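> Quick one: experimental structure and sequence below.
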Amino acid sequence: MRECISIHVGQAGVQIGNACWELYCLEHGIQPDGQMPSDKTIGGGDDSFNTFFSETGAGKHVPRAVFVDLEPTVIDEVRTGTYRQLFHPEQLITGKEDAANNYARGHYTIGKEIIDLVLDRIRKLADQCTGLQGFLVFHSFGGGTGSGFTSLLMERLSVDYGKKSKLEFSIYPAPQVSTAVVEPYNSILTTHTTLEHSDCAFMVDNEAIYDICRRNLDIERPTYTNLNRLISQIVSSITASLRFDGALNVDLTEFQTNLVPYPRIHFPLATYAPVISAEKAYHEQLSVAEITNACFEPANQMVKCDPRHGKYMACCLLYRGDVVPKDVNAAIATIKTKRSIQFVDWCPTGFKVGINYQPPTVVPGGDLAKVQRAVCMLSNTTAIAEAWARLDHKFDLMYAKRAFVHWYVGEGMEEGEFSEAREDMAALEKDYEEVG
Amino acid sequence: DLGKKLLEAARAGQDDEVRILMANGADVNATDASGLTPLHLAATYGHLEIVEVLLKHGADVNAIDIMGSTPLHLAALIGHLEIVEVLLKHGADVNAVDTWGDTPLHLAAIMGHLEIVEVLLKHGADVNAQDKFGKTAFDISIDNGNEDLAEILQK
Amino acid sequence: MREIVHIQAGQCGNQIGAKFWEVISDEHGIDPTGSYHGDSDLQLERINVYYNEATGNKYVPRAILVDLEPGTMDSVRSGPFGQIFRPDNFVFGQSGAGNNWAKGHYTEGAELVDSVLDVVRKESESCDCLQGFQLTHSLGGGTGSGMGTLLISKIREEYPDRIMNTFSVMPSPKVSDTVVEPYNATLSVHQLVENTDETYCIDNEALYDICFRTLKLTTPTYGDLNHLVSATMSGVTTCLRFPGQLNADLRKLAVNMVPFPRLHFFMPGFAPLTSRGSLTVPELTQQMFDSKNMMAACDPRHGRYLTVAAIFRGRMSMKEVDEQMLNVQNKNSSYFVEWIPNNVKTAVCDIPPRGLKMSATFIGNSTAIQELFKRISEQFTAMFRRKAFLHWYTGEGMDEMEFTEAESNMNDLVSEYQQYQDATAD
Ligand SMILES: Nc1nc2c(ncn2[C@@H]2O[C@H](COP(=O)(O)OP(=O)(O)OP(=O)(O)O)[C@@H](O)[C@H]2O)c(=O)[nH]1
Ligand SMILES: Nc1nc2c(ncn2[C@@H]2O[C@H](COP(=O)(O)OP(=O)(O)OP(=O)(O)O)[C@@H](O)[C@H]2O)c(=O)[nH]1
Ligand SMILES: COc1ccc(/N=N/c2cc(OC)c(OC)c(OC)c2)cc1O
Ligand SMILES: [Ca+2]
Ligand SMILES: [Mg+2]
Ligand SMILES: [Mg+2]
């Protein structure tokens, strides 16, 4: 058992973190006060759930997690909510004034007032670990805290924890539910400065999640609560291998080995199926072949892009529930007889398979129906460069006029940092083109 | 030099002092360094009684300063309706043009003195007079979206 | 980001300022004595933004009242909410400014500026996390214009990291036919371009035009004009005062609305327009973007919107608002710049204002505001070319070059708006 520390930064990282830890508690049988009646060893242990939960001498199971925000409103909802007793009170850190949707404020001026405290609190959690493997960092691209503070934090974690892995869950902006006009700027600045410090990053496109809520769940105008419950389902599917027994992606290093062929193209695409509305409680149960075919349909992706336009470098299928391995083998065999699934010539055309035989858990109050089998596909495809081009174009339209740039320069940032960031993105776009 | 004291009295509105200076030979048509006369000053500062007194004692109602401003241009710019009427009754040139191509009509239209605009039009002000930029008083009303002024100019 | 320190200077500033406090106190359930008589819990959630909590659960406005004319304090005191203001917060001189910007800025006003700053310090030091400041004032007089700009500059030196926001009333000969008002407004605009983060442009020309042509009032009074001002000030401060799905503050409004530092002059709008003592979502979205509903006498169809923020108030389908707002941006596509993606932001607030079930407030940063600046510039130049009344200013220690510098800066501002109105994405 090797521990993982989760770090939740800014409103999006915090709200998604709350929804994830609620789901993890229901999956492991942990009550909101921290008690776990199925844990026979009190005061400690080396079980797979111990990667995410420490234990006190009183039998309390505490998340290995830190919540950080530059203003207190969002974190105050965690301090007074259903799971208020679950977290270490010193694990919830708040400033007084936020970054005002400005990367430079989060990174250079306001963020510097709290960075040392956050590192000292992370150190206290790291000291309790027998074999810390690394960090899971949750944040938006668009917020000033989510972009700027996360970059500053990732730079410091690389100095103090050199050999540890760092994985991100990043929220990519969408016009339908965005906060600020400058989100494309923040997104490009944080991508540039974090690239060399992150080993693997799972982007969640708010527009993709918004469309799934509208289409599959019949939600007319989805809110952050609806988006976060679906996102937490997907995040749980991705982290399940770290928290339960299994033979695939069993540690952070394995995510890099399986999904990241080269350090800069470290952005896997996640696909999830099936998403069925809770109002359809008596739905027909979809077979392994149906849910597996559903992973190759663009409508089910976590990022809007078209994998038919790109080439695959890796593909992992993570099943949960009533799934017979020979049915997976037959379903995959049928997928290989489809011309719209091309791998790069330098990678073996194989699919890696992991099966957890417990079906997914539904959260009371959620929008999802219970299902007997579900799948999360993680793939590294060159088609994700389409997401980068869309963001790069919105950056170029404003930057060509230097619109809003004065707000960043006025907060201790040089104007040349914008050009250095954009050039890094042009090279990242070329890295995908060079693979194919 | 009574002309210098007459310029000061006309600007300050000292009626008694104006009568006294005139009685002692003061030049009613004296000029300051920029060519302004006692009549230009009384019309700029709204001293109606001084304007009438000077006009009955040989003041040139159409005197121009170094910028071509007449007392009528200044009265129309500042908005002294009663002075505009007295100047017109005494022979002021309604279509006098200054160094900027402006007529009294242009200045009253710019400053929004609508009652003065009506008086000028009734006395034969030229609606086709263009300033050095080619603008008539109607062009000014259109370019600034002054519907009230544009209606008056069409009447 | 919580507390705002409000300052009101001169006659216009204090009259519109008193009306602001009366309107928002009624919305927040605050009576003229300072007690909370409301029913909704949403009224006290962000009350701290404008009010200080005091003994016996008494809510006192974080307001400073300034004027060189002592008679203004009495008119304010004689008002309904005149006793709610803190007696220590009234700073009043002996002689007015007589519409002389130089008296407000350099002589009478400069003697009284340290006294006001003492009160600002006392109010600021009692704030847990001060956002910034809001000033109400006219630009045509001498105190609100000359002294107001001096106060903005001195506050700026002491609090350079806080936001400075003004509600500045632009002069018009239709309401006040005083020929020195273009001088005072031009000298003020020169200061506002450099020293404020955001300015709501409230134009007496548009206020008069709305009363006369739309409300059919033959002889509009200050009370009729100020009714439009208070509805606008209530509308644009909605999200600072009510929770909503956004945690708005003055700095987030500035970062998202101001793409170029000098272009921080907003054109506010309001729908429906009503007179004193006297609707669907598609109609509200329509009226909101109409020239007749703008508080600045500019046709937005003569320029381009760089950024827009809209606030809808009342009970309505949030999906319908998204649909109508999407529709207006498609059919009026040539009136928005193409190089600032997603430049229109909407917010919905459950609590509507007094006497209305539905209301919409518009905050535009449009290149068409150059029409307001050109109107004042043409009047300034007509007076300035003849040097009319210049001695009234130079006699108070003002150099003649200060006028030339203000005129040049305003014409430069107009050229800057024209530059972005003609810019294309390609
Ligand atoms: N999916 C999801 N997106 C969110 C959530 N909260 C905010 N966002 C998105 O995150 C972006 C805004 O960044 P935030 O996280 O709110 O900002 P922040 O990190 O707190 O930064 P500042 O408030 O600027 O200091 C926008 O693109 C929002 O749509 C959330 O709970 N879920
Ligand atoms: N909308 C509106 N405009 C007003 C009001 N009071 C004055 N004004 C305008 O404000 C300008 C004159 O400014 P005032 O506020 O009267 O002057 P002040 O700031 O007190 O300055 P001094 O009297 O010169 O010391 C003119 O353009 C008036 O039309 C009011 O209550 N509402
Ligand atoms: C063009 O993009 C944007 C522009 C403005 C943005 N929001 N700004 C606010 C701030 C407010 O506080 C005063 C509001 O109260 C009046 C407010 O009411 C709706 C919005 C956010 C943006 O992404
Ligand atoms: Ca145990
Ligand atoms: Mg935030
Ligand atoms: Mg006054």
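Nice, I can see it. Residues are numbered from 1 along each chain as shown, chains lettered A, B, ... in the order given. Ligands and ions are numbered 1, 2, ... in the order given.
> Find the nearest non-adjacent residue to the residue in chain B that ligand 3 sits nearest to, please.
Nearest to ligand 3 in chain B, going by C-beta to the nearest ligand atom, is residue B:145, at a distance of 27.2 Å. Every residue, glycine included, has its C-beta placed from N, CA and C. Distances taken as C-beta to C-beta, 6 or more residues apart in numbering or on different chains place residue C:297 nearest to residue B:145, at 6.5 Å, with adjacent residues excluded.
> rewinding a little: name all residues that make contact with the residue of chain B closest to ligand 3.
C:297, C:299, C:371 (C-beta atoms under 8 Å, 6 or more residues apart in numbering or on different chains).
> And the buried ones among the residues you listed, selectable in PyMOL?
Buried subset of these, written as a PyMOL selection, criterion 16 or more other C-beta atoms under 10 Å in any protein chain shown:
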select buried, chain C and resi 297+371
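> So which of the contacts of residue B:145 sit within helices?
Mapping those onto helices (DSSP state H) picks out residue C:371.
> and which of the contacts of residue B:145 is nearest residue B:138?
Nearest to residue B:138 among the contacts of residue B:145 is residue C:371, at 17.6 Å by C-beta to C-beta.
> My reading is that residue C:119 lies in a helix. Confirm?
Yes: counting by DSSP: H, G, I helix; E, B strand; the rest coil, residue C:119 is part of a helix.
> how much space between it and residue C:145?
20 Å (C-beta to C-beta, to the nearest Å).
> that older thread, give the contact list for the residue nearest to residue B:145.
Contacts for residue C:297 (C-beta under 8 Å, 6+ apart) come out as B:145, C:172, C:203, C:205, C:206, C:209, C:371, C:372, C:375.
> Tell me how far the fifth one lies from residue C:333.
Counting by C-beta to C-beta, the gap between residue C:206 and residue C:333 amounts to 25 Å.
> Neighbour count: the two, which is higher?
residue C:206 (27 against 9; other C-beta atoms under 10 Å in any protein chain shown).
> check contacts around that one.
Counting by C-beta under 8 Å, 6+ apart, residue C:206 touches C:294, C:295, C:296, C:297.
> which non-adjacent residue is nearest it?
residue C:297 (4.1 Å).
> Please report how far the one you found lies from ligand 2.
Distance of residue C:297 to ligand 2, computed by C-beta to the nearest ligand atom, to the nearest Å: 13 Å.
> Same question for residue C:23.
Distance of residue C:23 to ligand 2, computed by C-beta to the nearest ligand atom: 14 Å.
> could you say what helices and strands the helix or strand where residue C:24 lies packs with?
Applying DSSP states H and E as the criterion places residue C:24 in helix C:10-27. If contacts are counted by 3 or more C-beta pairs under 8 Å, 6 or more residues apart in numbering or on different chains; DSSP states H and E, helix C:10-27 sits against strand C:4-9, strand C:63-67, helix C:71-77, strand C:132-138, strand C:163-170, helix C:222-241.
> That helix vs ligand 6: in contact?
Yes: using C-beta under 5 Å from the ion, a contact is recorded between helix C:10-27 and ligand 6, made by residue C:11.
> near ligand 5, which residues of chain C show up?
Contact residues (C-beta under 5 Å from the ion) of chain C with ligand 5: there are none.
> Go ahead and flag the most central residue of chain C.
Against the mean C-alpha coordinate of chain C, by C-alpha atoms, centre = their mean, the closest residue is residue C:167 at 1.8 Å.
> do chain A as well
residue A:169 (2.2 Å).
> partners of whichever strand or helix holds that one in the sheet?
Using DSSP H and E, residue A:169 sits in strand A:165-172. Based on DSSP bridges, the pairing partners of strand A:165-172 within the sheet are strand A:134-140 (parallel), strand A:200-205 (parallel).
> Dump these into CSV; add distance to residue C:306 and mean neighbour count as well.
Formatted as CSV, the strands paired with strand A:165-172 follow (distance: least, C-beta to C-beta, whole Å; neighbours: other C-beta atoms under 10 Å in any protein chain shown):
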stretch, distance to residue C:306, mean neighbour count
strand A:134-140, 25, 27
strand A:200-205, 27, 21
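> so which of those strands gets nearest ligand 6?
With respect to ligand 6, and counting by C-beta to the ion, the nearest of those is strand A:134-140 at 49.7 Å.
> Tell me if the helix or strand just after that closest one is near ligand 1.
The first helix or strand that comes after strand A:134-140 along the chain, using DSSP H and E, is helix A:144. Yes: Helix A:144 is in contact with ligand 1 by C-beta under 6 Å from any ligand atom, via residue A:144.
> report the longest helix in chain B, please.
helix B:2-12.
> now for that one, which elements pack on it?
Checking 3+ C-beta pairs under 8 Å, 6+ apart, helix B:2-12 ends up next to helix B:15-23, helix B:38-44, helix B:48-55.
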